[PDB]
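Novice: Quick one: the structure is below, and I'll ask about it shortly.
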Amino acid sequence: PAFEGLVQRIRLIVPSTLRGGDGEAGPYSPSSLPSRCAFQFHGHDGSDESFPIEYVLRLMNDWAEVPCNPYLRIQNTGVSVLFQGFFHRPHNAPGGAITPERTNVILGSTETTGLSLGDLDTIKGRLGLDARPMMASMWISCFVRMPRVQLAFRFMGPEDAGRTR
Amino acid sequence: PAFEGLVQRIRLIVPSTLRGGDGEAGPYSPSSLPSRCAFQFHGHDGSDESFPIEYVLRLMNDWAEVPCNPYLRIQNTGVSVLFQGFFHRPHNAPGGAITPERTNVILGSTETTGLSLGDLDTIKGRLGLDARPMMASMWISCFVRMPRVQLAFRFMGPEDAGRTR
Amino acid sequence: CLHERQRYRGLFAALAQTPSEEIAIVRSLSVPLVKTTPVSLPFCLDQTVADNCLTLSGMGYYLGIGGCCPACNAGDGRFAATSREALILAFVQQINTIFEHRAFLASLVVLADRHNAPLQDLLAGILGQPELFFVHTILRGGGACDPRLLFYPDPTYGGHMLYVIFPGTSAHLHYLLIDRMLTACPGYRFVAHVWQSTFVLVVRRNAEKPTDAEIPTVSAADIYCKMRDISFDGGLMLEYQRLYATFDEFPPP
Amino acid sequence: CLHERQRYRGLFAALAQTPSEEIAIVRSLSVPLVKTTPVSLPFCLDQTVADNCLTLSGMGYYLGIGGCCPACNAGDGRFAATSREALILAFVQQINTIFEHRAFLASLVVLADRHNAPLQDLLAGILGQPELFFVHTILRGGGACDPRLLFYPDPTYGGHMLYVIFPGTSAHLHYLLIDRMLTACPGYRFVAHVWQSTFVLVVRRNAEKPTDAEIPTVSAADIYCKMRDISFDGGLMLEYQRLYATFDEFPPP
Amino acid sequence: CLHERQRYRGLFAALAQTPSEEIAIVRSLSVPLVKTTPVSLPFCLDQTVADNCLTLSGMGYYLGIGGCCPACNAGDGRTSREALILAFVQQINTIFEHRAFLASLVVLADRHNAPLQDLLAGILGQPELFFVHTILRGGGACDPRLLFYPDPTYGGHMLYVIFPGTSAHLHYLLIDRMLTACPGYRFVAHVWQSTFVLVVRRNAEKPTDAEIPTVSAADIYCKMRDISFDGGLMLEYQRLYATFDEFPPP
Ligand SMILES: [Zn+2]
Ligand SMILES: [Zn+2]
Ligand SMILES: [Zn+2]
């Protein structure tokens with residue numbers, strides 16, 4: 001029942017190069033979820049870095065005990081890439097801008113995109129990838145070369161089998 | 001059971017700079033609600049004051065014992081801003097704060113806007129603010145300039161504890 | 001949504017017997033729960049109510065309540081408020097404060113060399129619309145923050161539009177500054193935008209010249225000569241050349 | 001999304017107790033399950049993110065992760081002398097290295113003879129757009145998949161657009177290769193296409209980006225003289241004549 | 001309509017038995033329960049019934065039953081085309097009665113540097129403007145100001161009645177006489193730069209017979225050259241023209 005515990009966990013999971021982690025959502029409990037970004041990361045020019053979108057969204061859904069659809073938003077902004085994490089789908093923002101066979105996406109100045117956990121799971125199922133736990137996790141590989149930000153939503157997998165009971 | 005009691009209470013709640021009230025309050029019973037504004041306030045040139053919309057609308061619903069949807073309307077007339085309070089929709093525009101991402105609104109000469117209590121509750125729920133009594137009330141910050149009148153729908157909260165049970 | 005308002009009706013009734021506590025509660029509800037509002041560029045400053053600041057940065061484009069925003073709460077020392085009369089005084093006395101308006105004149109010289117044209121007529125034409133000089137004066141800040149200024153021909157209208165170039169990766173427009181900019185220059189529209197990873201504020205003509213026509217006349221020949229005897233710093237001129245070369249291909253918003 | 005919450009709650013809770021194992025596991029999720037992504041011709045390279053290579057062949061038009069595709073991993077050594085400055089050096093040094101970059105000059109000669117135009121003016125016009133020469137230089141195994149080059153007048157604004165002809169029934173563009181192509185010449189657009197069972201990469205203008213600010217001046221007359229002094233291979237000239245005749249009726253994508 | 005029929009059947013039958021009381025009741029229903037009707041600018045006065053007055057103010061844009069507007073009820077003193085024509089003809093003798101009209105004309109002549117003889121001939125060619133001027137300058141009025149601007153489409157000169165202050169109450173008798181005296185002219189209320197205005201333009205071509213006698217423009221021009229106008233009024237008209245020079249006519 002720790003709102004800041006989730007943000008700390010997410011910051012741990014996200015690589016260090018993605019400067020950020022601020023709340024910007026106010027006090028929120030697993031029952032009461034905000035409409036503001038729970039976490040906010042940002043990268044500078046040349047931040048050829050990866051973001052574990054599936055892991056963070058599934059973790060957000062785990063922490064909350066109310067039905068929801070965690071959502072990530074990516075903005076090329078004007079000088080730096082901006083990742084935002086909302087507990088519920090925002091409005092005025094493109095929903096499913098990640099369609100199968102369209103892993104590559106480009107973002108010009110002030111442009112935006114995003115993805116919800118429902119759309120992520122549906123796309124994962126359509127591709128027929130392994131739905132078992134930790135057998136297929138999505139990763140957003142972002143290259144920020146101004147004025148553009150080039151994203152690739154690639155499903156990366158495990159290297160072993162670990163403990164499965 | 002006070003026909004004038006509601007308008008007097010509202011006048012108490014509204015700041016002094018919004019000269020008005022005691023006007024256009026057509027004869028109305030708690031069961032029979034009118035289609036005319038129960039209160040009419042107005043401000044002169046250079047008034048930079050706030051209006052507690054949520055409190056006024058909730059009070060309007062309080063006085064009436066029949067299902068209704070209290071509504072506020074704000075009109076720039078070119079020479080003075082006028083706030084009017086109708087018990088049922090005057091068939092005007094739903095609102096500007098209907099889009100949680102467009103809290104700011106400007107009104108030129110003869111322009112109009114408004115908001116219903118249903119839209120207020122919808123925006124309050126979408127923003128995820130605290131639904132406890134008097135923990136999140138919307139306020140219309142109005143700045144009256146010569147050509148235009150600039151209003152902002154900001155959700156303000158309490159500064160202490162209600163001391164309630 | 002009725003019975004929630006009824007569960008507030010009970011409270012309203014209990015409070016009605018003691019109006020003092022009611023007024024106390026109503027006045028105690030003065031802490032905005034929504035401080036930052038997301039905005040998306042291009043954004044016109046006409047939609048900025050008083051007591052609203054604009055924070056364009058890599059962390060986002062967002063508007064903030066002027067009373068709660070930290071940098072606004074520090075206020076940069078207020079610097080009072082340039083009265084319209086004082087702005088006219090500065091426009092007239094520009095000749096004696098050549099250093100206080102060095103960026104403006106240096107941009108004019110760089111443009112005069114850029115279009116291989118004379119500087120005196122260009123200066124006379126730019127000063128004919130003093131609202132740009134007013135904007136320069138208003139947004140002038142002590143220290144680096146001292147904003148740069150470019151001048152470009154205005155399509156669909158008769159004159160010259162302005163590009164306020166803010167250096168760095170962030171730009172915070174104070175609520176008082178933008179409010180006074182919009183009030184001092186009524187006939188000009190201000191729109192924030194981004195170009196080549198640089199935040200910019202485009203000032204163009206709007207509403208078909210709703211501006212005072214009694215603006216006093218300043219001699220361009222005397223200022224031209226005073227520029228001819230004063231040598232500008234090569235660094236500022238080179239920076240203005242670079243900014244002009246980068247913004248020569250900028251779609252006006 | 002409740003089934004996900006159910007079958008993942010136990011795992012997430014068990015991971016919360018040991019953050020080290022969590023970081024290790026998440027960092028261990030670096031094995032792409034989808035290496036090949038389908039592409040559809042005509043395809044513009046602007047949609048190619050870094051770390052993406054293009055395999056256009058009879059087996060399909062597909063993009064591949066630069067890290068897993070075999071041929072990309074088995075590069076041509078450390079040919080990392082692809083800096084814009086070094087490309088400018090090669091552009092200026094063209095006069096003394098006429099023997100290399102032979103396809104470029106042979107294509108220019110063939111075009112000059114086919115359209116009865118002067119060779120000095122053609123050299124001056126093609127040299128005015130050094131981005132085409134930069135593209136030629138990057139794509140140079142010097143025989144190892146040495147791409148051919150056709151030059152055709154450019155519609156709209158532009159002197160001459162370029163057609164990079166890839167010989168054979170297959171073409172693999174390295175991810176670093178595509179990235180450097182897009183970065184060195186930003187104002188030019190690259191579109192892959194096929195014509196008469198021959199793969200082609202069309203290079204056209206997309207903005208005024210000749211970099212006249214940093215463009216070196218190279219004498220076109222001296223290159224013209226050195227070309228008139230060297231005898232070109234008849235095979236290259238005949239091949240370019242055939243390529244021009246085949247591509248003379250090609251709708252530019 | 002079954003509920004209405006059943007709840008009214010008893011009353012209707014009882015009244016049928018006594019027609020006198022029925023007539024009394026029906027005639028006793030003469031108390032309007034809806035006095036103010038909201039209007040929205042731009043508003044054309046053609047939609048104003050004879051017994052309707054306009055109280056355009058900051059507290060709202062509202063029309064009122066001519067029988068109930070308070071100031072209207074105190075409009076006891078307060079007529080048609082006839083006296084308006086007589087005044088238009090005698091304009092040469094009443095320069096003091098129409099100072100705003102002629103002073104606005106002089107200021108306009110200076111604003112466009114045009115000749116006063118041609119301006120006088122053109123303004124006298126549209127006597128409906130003089131009729132409006134006379135109507136609005138009532139007994140103990142607040143002399144509403146009057147500007148003259150060239151008229152597009154239809155050719156001549158349109159009028160801008162500038163109402164001073166932050167409120168404007170147009171009497172129902174005033175509106176009726178304005179609409180009847182100028183049939184071919186359209187009147188539209190609006191607001192500009194926080195100033196209420198009434199625009200008078202040409203309408204329906206030329207549905208205005210010329211039964212108006214001929215008035216000499218040269219004599220009026222000379223008498224104006226002989227009368228010295230009060231300072232400040234000319235400056236006020238200059239300011240009004242400068243402020244309204246950028247006004248899109250509604
Ligand atoms: Zn601020
Ligand atoms: Zn490859
Ligand atoms: Zn009246």
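Residues are referred to by chain and number: the chain letter is A, B, ... according to the order shown in the structure tokens, the number counts from 1 in that chain, and ligands are numbered separately from 1 in the order shown.
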Could you list, as a list in words, all protein and nucleic acid residues with an atom at most 7 Å from ligand 1, counting only C-alpha atoms and all ligand atoms?

Specialist: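 So the residues close to ligand 1 are residues 53, 54, 55, 64, 65, 66, 69, 70, 71, 72, 172, 173, 174 and 175 of chain C.
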
Novice: Write the residues of the preceding selection, restricted to N, CA and C atoms, as a PDB file, in the first residue's frame.

Specialist:
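The file below, part03.pdb, is the result:
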```
ATOM      1  N   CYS C  53       1.534  31.230 -15.703  1.00  0.00           N
ATOM      2  CA  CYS C  53       2.878  31.215 -16.263  1.00  0.00           C
ATOM      3  C   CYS C  53       3.052  30.027 -17.199  1.00  0.00           C
ATOM      4  N   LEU C  54       3.980  30.163 -18.146  1.00  0.00           N
ATOM      5  CA  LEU C  54       4.197  29.145 -19.173  1.00  0.00           C
ATOM      6  C   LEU C  54       5.592  28.550 -19.022  1.00  0.00           C
ATOM      7  N   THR C  55       5.668  27.241 -18.765  1.00  0.00           N
ATOM      8  CA  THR C  55       6.936  26.532 -18.584  1.00  0.00           C
ATOM      9  C   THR C  55       7.144  25.528 -19.718  1.00  0.00           C
ATOM     10  N   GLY C  64       1.178  26.958 -15.392  1.00  0.00           N
ATOM     11  CA  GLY C  64       1.154  26.899 -13.943  1.00  0.00           C
ATOM     12  C   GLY C  64       0.495  28.124 -13.347  1.00  0.00           C
ATOM     13  N   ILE C  65      -0.208  27.908 -12.236  1.00  0.00           N
ATOM     14  CA  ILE C  65      -0.797  29.022 -11.502  1.00  0.00           C
ATOM     15  C   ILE C  65       0.317  29.933 -11.011  1.00  0.00           C
ATOM     16  N   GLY C  66       0.240  31.213 -11.388  1.00  0.00           N
ATOM     17  CA  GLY C  66       1.290  32.155 -11.045  1.00  0.00           C
ATOM     18  C   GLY C  66       1.526  32.305  -9.556  1.00  0.00           C
ATOM     19  N   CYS C  69       3.417  28.577  -8.506  1.00  0.00           N
ATOM     20  CA  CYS C  69       4.642  28.222  -9.206  1.00  0.00           C
ATOM     21  C   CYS C  69       5.864  28.722  -8.436  1.00  0.00           C
ATOM     22  N   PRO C  70       6.864  27.862  -8.182  1.00  0.00           N
ATOM     23  CA  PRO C  70       8.025  28.272  -7.375  1.00  0.00           C
ATOM     24  C   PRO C  70       8.762  29.485  -7.928  1.00  0.00           C
ATOM     25  N   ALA C  71       9.223  29.416  -9.183  1.00  0.00           N
ATOM     26  CA  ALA C  71       9.957  30.544  -9.752  1.00  0.00           C
ATOM     27  C   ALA C  71       9.099  31.802  -9.768  1.00  0.00           C
ATOM     28  N   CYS C  72       7.794  31.646  -9.987  1.00  0.00           N
ATOM     29  CA  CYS C  72       6.888  32.785  -9.908  1.00  0.00           C
ATOM     30  C   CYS C  72       6.827  33.320  -8.484  1.00  0.00           C
ATOM     31  N   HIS C 172      10.762  29.811 -19.001  1.00  0.00           N
ATOM     32  CA  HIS C 172       9.676  30.112 -18.074  1.00  0.00           C
ATOM     33  C   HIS C 172       9.225  31.548 -18.302  1.00  0.00           C
ATOM     34  N   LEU C 173       7.997  31.712 -18.781  1.00  0.00           N
ATOM     35  CA  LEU C 173       7.397  33.023 -18.992  1.00  0.00           C
ATOM     36  C   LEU C 173       6.527  33.341 -17.782  1.00  0.00           C
ATOM     37  N   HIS C 174       6.928  34.379 -17.046  1.00  0.00           N
ATOM     38  CA  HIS C 174       6.227  34.846 -15.858  1.00  0.00           C
ATOM     39  C   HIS C 174       4.831  35.342 -16.216  1.00  0.00           C
ATOM     40  N   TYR C 175       3.901  35.197 -15.269  1.00  0.00           N
ATOM     41  CA  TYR C 175       2.526  35.607 -15.531  1.00  0.00           C
ATOM     42  C   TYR C 175       2.419  37.120 -15.673  1.00  0.00           C
TER      43      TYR C 175
END
```

Novice: Leaving out residue 102 of chain D and any residue of its chain fewer than 3 positions from it, which residues lie within 10 Å of it when counting only C-alpha atoms, given as a VMD selection string?

Specialist: chain D and resid 97 to 99 105 to 108 142 148 227 232 to 233 236

Novice: What would you get as a compact mmCIF listing (two decimals) with C-alpha atoms, in the first residue's frame if chain D were moved onto chain C by least squares over all of its C-alpha atoms in order?

Specialist:
```txt
# COMPACT_ATOMS: atom_id res chain seq x y z
CA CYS D 1 -26.78 13.82 -8.57
CA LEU D 2 -28.83 12.26 -5.78
CA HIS D 3 -25.83 10.65 -4.05
CA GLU D 4 -24.32 14.13 -3.68
CA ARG D 5 -27.58 15.39 -2.19
CA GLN D 6 -27.59 12.47 0.26
CA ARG D 7 -24.02 12.65 1.54
CA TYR D 8 -24.14 16.48 1.58
CA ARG D 9 -27.59 17.19 3.09
CA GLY D 10 -26.43 16.66 6.68
CA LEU D 11 -23.39 18.88 6.20
CA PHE D 12 -25.38 21.64 4.48
CA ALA D 13 -28.05 21.56 7.20
CA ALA D 14 -25.44 21.72 9.98
CA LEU D 15 -23.79 24.65 8.18
CA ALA D 16 -27.08 26.53 7.81
CA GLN D 17 -27.31 26.91 11.60
CA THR D 18 -23.96 28.78 11.75
CA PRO D 19 -23.32 31.04 8.73
CA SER D 20 -20.02 32.23 10.24
CA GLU D 21 -18.51 28.74 10.05
CA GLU D 22 -19.90 28.42 6.52
CA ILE D 23 -18.20 31.62 5.32
CA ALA D 24 -14.99 30.56 7.07
CA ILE D 25 -15.01 27.08 5.49
CA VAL D 26 -15.80 28.31 1.97
CA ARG D 27 -13.11 30.99 2.30
CA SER D 28 -10.72 28.27 3.52
CA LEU D 29 -11.11 26.49 0.15
CA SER D 30 -8.20 28.33 -1.48
CA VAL D 31 -5.62 25.59 -2.06
CA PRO D 32 -5.33 24.57 -5.74
CA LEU D 33 -5.29 20.80 -6.09
CA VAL D 34 -4.28 21.09 -9.77
CA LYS D 35 -1.30 23.44 -10.11
CA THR D 36 0.10 22.31 -13.47
CA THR D 37 -2.12 22.19 -16.56
CA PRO D 38 -0.86 20.44 -19.72
CA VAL D 39 -0.22 22.61 -22.77
CA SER D 40 0.45 21.56 -26.36
CA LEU D 41 2.75 23.41 -28.73
CA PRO D 42 2.21 25.53 -30.81
CA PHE D 43 0.43 27.55 -28.09
CA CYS D 44 -1.00 31.06 -28.45
CA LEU D 45 -0.83 33.27 -25.36
CA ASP D 46 -4.35 34.63 -25.94
CA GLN D 47 -5.68 31.55 -24.11
CA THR D 48 -3.55 32.40 -21.05
CA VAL D 49 -5.74 33.85 -18.31
CA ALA D 50 -4.14 36.24 -15.86
CA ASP D 51 -2.34 34.47 -13.01
CA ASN D 52 -0.89 31.86 -15.39
CA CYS D 53 2.79 31.31 -16.19
CA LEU D 54 4.23 29.20 -19.00
CA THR D 55 6.96 26.60 -18.34
CA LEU D 56 8.15 25.28 -21.71
CA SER D 57 11.03 22.88 -21.11
CA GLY D 58 12.28 19.37 -21.75
CA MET D 59 10.10 18.22 -18.85
CA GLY D 60 7.03 19.37 -20.82
CA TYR D 61 4.99 22.32 -22.03
CA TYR D 62 2.79 23.23 -19.08
CA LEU D 63 0.93 26.19 -17.60
CA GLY D 64 1.13 26.90 -13.90
CA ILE D 65 -0.81 28.94 -11.39
CA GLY D 66 1.27 32.07 -10.91
CA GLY D 67 0.87 31.85 -7.14
CA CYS D 68 2.31 28.36 -6.63
CA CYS D 69 5.08 27.93 -9.23
CA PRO D 70 8.37 28.61 -7.38
CA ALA D 71 10.25 30.81 -9.87
CA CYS D 72 7.26 33.15 -10.23
CA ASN D 73 7.04 33.63 -6.45
CA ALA D 74 10.78 34.45 -6.41
CA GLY D 75 10.51 37.38 -8.82
CA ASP D 76 13.19 39.91 -9.75
CA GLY D 77 12.02 42.41 -7.17
CA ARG D 78 9.66 45.30 -7.85
CA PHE D 79 10.21 45.71 -11.59
CA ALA D 80 6.73 47.18 -11.83
CA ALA D 81 7.87 50.05 -14.06
CA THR D 82 6.10 48.31 -16.93
CA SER D 83 3.53 50.97 -17.74
CA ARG D 84 2.64 51.68 -21.35
CA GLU D 85 3.70 55.29 -20.75
CA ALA D 86 7.08 54.22 -19.33
CA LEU D 87 7.56 51.89 -22.30
CA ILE D 88 6.85 54.87 -24.58
CA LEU D 89 9.47 56.81 -22.61
CA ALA D 90 12.01 54.04 -23.24
CA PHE D 91 11.06 53.94 -26.93
CA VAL D 92 11.71 57.67 -27.22
CA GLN D 93 14.90 57.49 -25.11
CA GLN D 94 16.44 54.70 -27.23
CA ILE D 95 18.82 57.31 -28.71
CA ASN D 96 20.74 57.90 -25.47
CA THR D 97 20.58 54.30 -24.17
CA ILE D 98 22.06 52.50 -27.18
CA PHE D 99 24.20 50.36 -24.87
CA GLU D 100 21.13 48.68 -23.41
CA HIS D 101 18.66 47.01 -25.78
CA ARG D 102 21.75 45.78 -27.62
CA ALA D 103 20.15 42.58 -28.94
CA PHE D 104 17.49 44.58 -30.81
CA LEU D 105 19.97 46.80 -32.66
CA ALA D 106 22.45 43.98 -33.28
CA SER D 107 19.68 41.87 -34.81
CA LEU D 108 18.72 44.81 -37.01
CA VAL D 109 22.32 45.25 -38.18
CA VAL D 110 22.71 41.52 -38.84
CA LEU D 111 19.46 41.44 -40.84
CA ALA D 112 20.48 44.54 -42.82
CA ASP D 113 23.80 42.96 -43.76
CA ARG D 114 22.31 39.53 -44.49
CA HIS D 115 19.67 40.88 -46.90
CA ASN D 116 21.82 43.69 -48.40
CA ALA D 117 19.25 46.29 -47.38
CA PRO D 118 19.75 49.82 -46.02
CA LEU D 119 20.07 50.18 -42.27
CA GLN D 120 18.28 53.53 -42.09
CA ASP D 121 15.21 52.17 -43.89
CA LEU D 122 15.29 49.01 -41.77
CA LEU D 123 15.47 51.13 -38.61
CA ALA D 124 12.54 53.24 -39.81
CA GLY D 125 10.50 50.14 -40.62
CA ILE D 126 11.17 48.37 -37.33
CA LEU D 127 10.63 51.60 -35.38
CA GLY D 128 7.22 51.89 -37.06
CA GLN D 129 6.14 48.93 -34.88
CA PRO D 130 7.19 49.93 -31.34
CA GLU D 131 5.27 46.96 -29.90
CA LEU D 132 8.22 44.73 -30.81
CA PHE D 133 10.55 46.99 -28.84
CA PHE D 134 8.06 46.93 -25.96
CA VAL D 135 8.12 43.12 -25.99
CA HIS D 136 11.93 43.24 -26.02
CA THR D 137 11.98 45.65 -23.06
CA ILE D 138 9.63 43.57 -20.90
CA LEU D 139 11.72 40.44 -21.48
CA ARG D 140 14.93 41.87 -20.14
CA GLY D 141 16.86 40.42 -17.23
CA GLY D 142 19.62 42.03 -19.34
CA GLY D 143 21.56 38.70 -19.41
CA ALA D 144 19.46 36.83 -16.83
CA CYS D 145 17.60 34.84 -19.54
CA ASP D 146 18.09 37.81 -21.97
CA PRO D 147 15.97 36.66 -24.92
CA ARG D 148 17.39 37.05 -28.40
CA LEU D 149 15.35 38.69 -31.14
CA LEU D 150 15.07 37.90 -34.84
CA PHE D 151 13.17 40.00 -37.37
CA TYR D 152 11.60 38.48 -40.46
CA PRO D 153 9.27 40.03 -43.06
CA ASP D 154 5.65 39.60 -42.06
CA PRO D 155 3.23 37.90 -44.47
CA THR D 156 -0.20 39.36 -45.23
CA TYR D 157 -0.15 42.94 -43.86
CA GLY D 158 2.96 43.92 -41.93
CA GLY D 159 6.52 45.14 -42.32
CA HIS D 160 8.40 42.86 -39.92
CA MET D 161 7.28 40.17 -37.48
CA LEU D 162 9.41 39.19 -34.50
CA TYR D 163 10.86 35.91 -33.22
CA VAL D 164 11.81 36.00 -29.53
CA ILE D 165 14.44 33.26 -29.16
CA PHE D 166 14.74 31.90 -25.63
CA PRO D 167 18.27 30.58 -24.98
CA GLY D 168 18.73 27.20 -23.37
CA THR D 169 16.56 24.12 -23.07
CA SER D 170 13.92 25.80 -20.89
CA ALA D 171 11.82 28.96 -20.77
CA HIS D 172 9.66 30.19 -17.87
CA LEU D 173 7.39 33.12 -18.73
CA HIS D 174 6.10 34.85 -15.59
CA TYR D 175 2.35 35.33 -15.30
CA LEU D 176 2.68 39.07 -14.75
CA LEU D 177 5.15 39.09 -17.65
CA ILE D 178 2.65 37.43 -20.00
CA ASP D 179 -0.19 39.68 -18.81
CA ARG D 180 1.84 42.83 -19.47
CA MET D 181 2.93 41.47 -22.85
CA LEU D 182 -0.70 40.90 -23.85
CA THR D 183 -1.91 44.24 -22.46
CA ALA D 184 0.82 46.59 -23.72
CA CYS D 185 0.51 45.40 -27.34
CA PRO D 186 -3.09 44.22 -27.84
CA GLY D 187 -3.12 44.00 -31.64
CA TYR D 188 -0.18 41.60 -31.83
CA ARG D 189 -0.47 37.84 -31.39
CA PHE D 190 2.05 35.72 -29.48
CA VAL D 191 2.45 32.04 -30.35
CA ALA D 192 4.94 29.74 -28.64
CA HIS D 193 6.75 27.15 -30.76
CA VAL D 194 9.97 25.15 -31.01
CA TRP D 195 12.44 24.95 -33.90
CA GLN D 196 15.68 22.95 -34.08
CA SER D 197 15.53 22.26 -30.33
CA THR D 198 15.20 26.00 -29.62
CA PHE D 199 12.13 27.52 -27.98
CA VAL D 200 10.67 30.58 -29.72
CA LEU D 201 7.83 33.06 -29.22
CA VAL D 202 6.50 34.39 -32.52
CA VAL D 203 5.00 37.90 -32.48
CA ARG D 204 2.84 38.80 -35.47
CA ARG D 205 0.18 41.37 -36.31
CA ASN D 206 -3.50 40.67 -35.65
CA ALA D 207 -5.11 44.11 -36.22
CA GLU D 208 -4.02 47.66 -36.97
CA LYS D 209 -2.87 48.59 -33.48
CA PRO D 210 0.36 50.63 -33.83
CA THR D 211 -1.31 53.30 -31.66
CA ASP D 212 -0.37 55.99 -34.17
CA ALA D 213 -2.60 58.19 -31.95
CA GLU D 214 -0.18 58.04 -29.00
CA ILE D 215 2.92 56.90 -30.88
CA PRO D 216 5.91 59.17 -30.21
CA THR D 217 8.15 60.24 -33.05
CA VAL D 218 11.75 59.07 -32.66
CA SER D 219 14.44 60.02 -35.15
CA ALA D 220 15.72 56.90 -36.90
CA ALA D 221 18.69 58.71 -38.45
CA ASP D 222 20.15 59.62 -35.06
CA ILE D 223 19.86 56.02 -33.87
CA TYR D 224 21.48 54.96 -37.15
CA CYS D 225 24.40 57.33 -36.53
CA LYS D 226 24.87 56.22 -32.92
CA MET D 227 24.82 52.60 -34.13
CA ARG D 228 27.43 53.34 -36.79
CA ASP D 229 29.54 55.03 -34.08
CA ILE D 230 29.41 52.15 -31.55
CA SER D 231 31.21 48.88 -32.21
CA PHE D 232 28.97 45.89 -31.48
CA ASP D 233 30.18 42.67 -29.88
CA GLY D 234 31.32 40.14 -32.46
CA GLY D 235 29.80 37.34 -30.42
CA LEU D 236 26.30 38.81 -30.58
CA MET D 237 26.61 39.43 -34.33
CA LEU D 238 27.83 35.88 -34.99
CA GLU D 239 25.10 34.44 -32.76
CA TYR D 240 22.47 36.44 -34.64
CA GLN D 241 23.87 35.29 -37.99
CA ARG D 242 23.62 31.68 -36.82
CA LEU D 243 20.11 32.19 -35.43
CA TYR D 244 18.91 33.78 -38.67
CA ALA D 245 20.49 30.98 -40.73
CA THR D 246 18.78 28.35 -38.56
CA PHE D 247 15.40 30.13 -38.50
CA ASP D 248 15.46 31.15 -42.18
CA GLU D 249 13.49 27.95 -42.88
CA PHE D 250 10.90 28.18 -40.10
CA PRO D 251 7.16 27.89 -40.89
CA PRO D 252 5.58 30.79 -38.99
CA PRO D 253 2.85 29.57 -36.60
```

Novice: Taking only C-alpha atoms into account, report as number ranges by chain which residues of chain B lie within 7 Å of chain C.

Specialist: B: 13, 58, 61-62, 67, 101, 104-106, 133, 143, 150-151, 154-159

Novice: Once chain A sits on chain B after a least-squares Cα superposition, all atoms in order, what's the RMSD?

Specialist: 1.2 Å

Novice: Suppose you want the space between atom CA of residue 22 of chain A and atom CA of residue 119 of chain A; what is it in Å?

Specialist: 25.6 Å

Novice: Pick out the closest residue to chain B from this set: E:5, E:111, E:239, E:35. Count only C-alpha atoms.

Specialist: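 Answer, going by the shortest atom-to-atom distance: E:35.
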
Novice: Do me a favour and pick out the residues of chain B within 7 Å of chain A, using only C-alpha atoms, as a compact mmCIF listing (two decimals) with N, CA, C and O atoms, in the first residue's frame.

Specialist:
```txt
# COMPACT_ATOMS: atom_id res chain seq x y z
N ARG B 126 -12.98 12.27 -13.00
CA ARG B 126 -11.90 12.05 -13.96
C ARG B 126 -10.56 12.48 -13.38
O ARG B 126 -9.57 11.75 -13.49
N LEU B 127 -10.51 13.65 -12.75
CA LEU B 127 -9.28 14.10 -12.11
C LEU B 127 -8.92 13.27 -10.88
O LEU B 127 -7.80 13.41 -10.37
N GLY B 128 -9.82 12.41 -10.41
CA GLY B 128 -9.52 11.56 -9.27
C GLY B 128 -9.37 12.29 -7.96
O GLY B 128 -8.81 11.73 -7.01
```

Novice: What's the separation between atom CA of residue 197 of chain E and atom CA of residue 125 of chain E, in Å to one decimal place?

Specialist: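 A separation of 22.9 Å between them.
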
Novice: Enumerate the residues of segment 64-136 of chain E with a DSSP assignment of helix (DSSP H, G or I), computed from the backbone, and present them as JSON, numbers by chain.

Specialist: {"E": [70, 71, 72, 73, 81, 82, 83, 84, 85, 86, 87, 88, 89, 90, 99, 100, 101, 102, 103, 104, 105, 106, 107, 108, 109, 110, 111, 116, 117, 118, 119, 120, 121, 122, 123, 124, 127, 128, 129, 130, 131, 132, 133, 134, 135, 136]}

Novice: At a cut-off of 8 Å, using only C-alpha atoms, what residues contact residue 111 of chain B? Leave out same-chain residues fewer than 4 positions from it and give the result as a short mmCIF file (atom, residue, chain, number, x, y, z; two decimals) with C-alpha atoms, in the first residue's frame.

Specialist:
```
data_model
loop_
_atom_site.label_atom_id
_atom_site.label_comp_id
_atom_site.auth_asym_id
_atom_site.auth_seq_id
_atom_site.Cartn_x
_atom_site.Cartn_y
_atom_site.Cartn_z
CA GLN B 75 -21.38 35.78 -19.82
CA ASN B 76 -19.09 38.59 -20.88
CA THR B 77 -21.33 41.45 -22.00
CA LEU B 107 -14.88 35.24 -23.43
#
```

Novice: Select the residues contacting ligand 3 at a distance of at most 10 Å, based on only C-alpha atoms and all ligand atoms, then format the selection as a PyMOL selection string.

Specialist: chain E and resi 51-55+62-75+168-174
